[PDB]
Ligand SMILES: [Cl-]
Ligand SMILES: [Cl-]
Ligand SMILES: [Cl-]
Ligand SMILES: [Cl-]
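Protein chains in written order, with this note's numbering: chain V, 29 to 200; chain X, 29 to 200; chain H, 29 to 200; chain E, 29 to 200.
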């Protein structure tokens, strides 16, 4: 490449893997969103929360691909694994699965940041810091806040709590 | 001092003590606010109620300091004690602690008003009457209203009630 | 904690200590501001400079507390020591004390950045870089500029110079 | 009188005396204002400061007279003594004479407040508290601030300092 400078093959490959992880996360959120749109689930705010995250993770993948080309690396796409479940249980089950997924993406971001620091690639490090690390901490905090509110609403009237959370916390 | 007139050393010292009490109350409300922002507490309206009071009590301290200088007294600052708790329990526990704190500030206002009246300091008396006494009665009434609503919502579904109070009474 | 990830106990504790340092600095600036509002000091622009810094340092403390919760750490508050002086001397004395205070806060920021780098905590490092390190360098440069102008105005007519600096450099 | 209620002859007479004191103060400020308009004095900002106070004290007298009639007392006017000086010296001399005058008016306000309190006349007490006592404290603080700035500007270049104070502190 006529532009590539200070961009290791190790970083290039790890960026392609991170693109796959974000596209997989987007797919997981698409499945979560349409589960909550089922006529036998019918939680509009929950559907909208996860459909927004599906678009937000696709955006993250596209930002990584733009950066891959800016650095002179080569995008390489792999098969995208289907999500881990076909049915996602309750809002609580879904929000737990979402925070597990986000902690996995956050650890992948931290791992790539550590590789960039080891390879003295400050453009890679700054790119993650400026576009991903704080967005990810803020999303995980939001999901933790939601999990606590869902948990406090279960009590012995689980259906009432799940309705109220969707109506009074989530955007619909 | 070239301006000081009818301003006793007793009032000057009691004003400095009241500044300390208001700055301590502001600090207590800062701690209450950030407790309700914890991911394992997550009651946004409760966080906002106490963060507003932290700013409101700081304002009261600054108004007292402005008056101290207007009268020709000398601001003297003391160490600010940490709040009484690191964790504040439920919204009910927190709102009870807040009304105990406000009754303590109100008694300090009444004590300083009585000293000013004994020292025939009508500017001090009017300053408290016009800027503090009614604001304090109105805040205590608001907190009493909130305590009654929180208490009526406990029943046997405490988590549901605490969610509903935060969602439907407090500003978020 | 259900959200905490890559957030060491060492960083958590150092963040709480930095919150204390910023709240102490805010308190120091409150005392400086009201000293310059005394009828026997009466330098409005100097009062406003330090009152603005009192609010700016409180803001910094609140930003650290927000981040502490975003990361899943626990805010812990300590007693806030009174400022180092009750009377602050001349504008020159005050601006020297302010730059000593700011260099102490800047070294605390640099120390926490170095701890975050040692603990491979890039979110902490980016948070300080993006919200504190450049703001602090810019504030110290401004104070250095002011110290030089105050020093050039002393000559043998110190009162004239102190008036002129307040009138023609500081906002009133 | 068909309206008079709870309004002692002692208060009525003291209100008429206070009207005389405010009209005398207005006259003193008229003389101060026109002294600073002399071609051999020529300090426009100083002239404007004292001309504003002449109008402000006339206003205070008219507010007392309105209240005298509202209470059913009878305005009684006495001769208005000429001001204490025909020539007022420097801005410093003038601002010292002004603070002596204002402390005398403030003590008269405090004396009438104490008489009203002794006579259980709360309308009189509230009238002074709401319209006079804080305005007077604020004016005396402003004059003290000005005296300190004038004093710091004397040094060994008195004419330079007096020019600069008029140009850079007073409104012209
Ligand atoms: Cl699979
Ligand atoms: Cl303590
Ligand atoms: Cl100390
Ligand atoms: Cl006479």
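Beta carbons: idealized from backbone N, C-alpha and C, even for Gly.
Interface residues of chain H facing residue i [CB-CB closer than 9 angstroms]
i	result
residue 183 of chain E	184, 185, 186, 187 and 188
Integer Cβ distance of residue i from residue j, believed to fall under 8 angstroms
i	j	result
residue 194 of chain X	residue 118 of chain X	Not quite, the Cβ-Cβ distance comes to about 11 angstroms (not below 8 angstroms), so this is no contact.
residue 56 of chain H	residue 129 of chain H	6 angstroms
residue 110 of chain H	residue 107 of chain X	5 angstroms
residue 143 of chain H	residue 42 of chain H	6 angstroms
Through-space distance from residue j to residue i, alpha-carbon basis
i	j	result
residue 50 of chain V	residue 134 of chain H	38 angstroms
residue 147 of chain E	residue 150 of chain X	15 angstroms
residue 84 of chain X	residue 72 of chain X	18 angstroms
residue 80 of chain X	residue 139 of chain V	40 angstroms
residue 98 of chain E	residue 114 of chain E	37 angstroms
residue 199 of chain H	residue 29 of chain X	27 angstroms
residue 190 of chain X	residue 64 of chain V	26 angstroms
residue 161 of chain X	residue 137 of chain X	7 angstroms
residue 37 of chain V	residue 156 of chain V	18 angstroms
residue 181 of chain V	residue 186 of chain X	9 angstroms
residue 145 of chain H	residue 35 of chain H	12 angstroms
residue 173 of chain H	residue 112 of chain E	49 angstroms
residue 183 of chain E	residue 100 of chain X	25 angstroms
residue 33 of chain X	residue 159 of chain H	47 angstroms
residue 165 of chain H	residue 48 of chain H	20 angstroms
residue 46 of chain H	residue 89 of chain H	8 angstroms
residue 44 of chain H	residue 154 of chain H	18 angstroms
residue 192 of chain V	residue 82 of chain V	24 angstroms
residue 177 of chain E	residue 177 of chain H	19 angstroms
residue 141 of chain E	residue 188 of chain H	42 angstroms
Contact set between residue i and chain H, taken where Cβ atoms lie within less than 8 angstroms
i	result
residue 131 of chain V	33
residue 178 of chain V	By Cβ distance, chain H contributes nothing, its closest Cβ being about 12 angstroms from residue 178 of chain V, past 8 angstroms.
residue 29 of chain X	67 and 68
Under 8 angstroms by beta carbon: chain V residues contacting residue i
i	result
residue 98 of chain H	165, 166 and 169
Proximal chain X residues relative to residue i, where beta-carbon distance stays under 8 angstroms
i	result
residue 172 of chain V	67, 68 and 70
residue 59 of chain H	103 and 105
residue 153 of chain E	150
Contacts that residue i makes with chain X (C-beta to C-beta distance below 7 angstroms)
i	result
residue 135 of chain H	None at all; the shortest Cβ gap to chain X is about 23 angstroms.
residue 141 of chain E	150
residue 157 of chain E	150 and 154
Top-ranked residue by Cα proximity to residue i, from the options
i	options	result
residue 31 of chain V	V/104, V/69, V/95 and V/122	V/95
residue 53 of chain V	V/197, V/87 and V/40	V/87
residue 175 of chain H	H/142, H/125 and H/110	H/125
residue 39 of chain X	X/92, X/163, X/183 and X/108	X/92
residue 163 of chain X	X/144, X/75 and X/131	X/131
residue 62 of chain H	H/116, H/144 and H/167	H/116
residue 168 of chain X	X/158, X/127, X/188 and X/68	X/127
residue 59 of chain H	H/68, H/75, H/159 and H/90	H/75
residue 179 of chain V	X/69, X/45 and X/46	X/69
residue 66 of chain X	H/89, H/102, H/67 and H/44	H/102
residue 123 of chain E	E/78, E/89 and E/90	E/78
residue 170 of chain H	H/188, H/192, H/154 and H/197	H/197
Interface residues of chain E facing residue i [CB-CB closer than 8 angstroms]
i	result
residue 147 of chain X	In chain order: nothing, as chain E lies at least about 11 angstroms away.
Listed by chain order, chain H residues near residue i by CB distance under 7 angstroms
i	result
residue 93 of chain X	62
residue 162 of chain X	Here the premise fails: no neighbours, minimum Cβ distance about 26 angstroms.
residue 114 of chain X	104
Contact set between residue i and chain V, taken where Cβ atoms lie within less than 7 angstroms
i	result
residue 195 of chain X	196
Cross-chain neighbours of residue i in chain E, by beta carbon under 9 angstroms
i	result
residue 191 of chain H	177, 180, 181, 189, 192, 193, 196 and 197
Neighbour list for residue i in chain X, Cβ cutoff strictly below 9 angstroms
i	result
residue 55 of chain H	51, 105 and 108
residue 46 of chain E	Here the premise fails: no neighbours, minimum Cβ distance about 15 angstroms.
Who sits around ligand 1, taking every residue whose Cβ is closer than 7 angstroms to one of its heavy atoms? Cβ-based neighbours of ligand 1 within the cut-off: V/109 and V/110.
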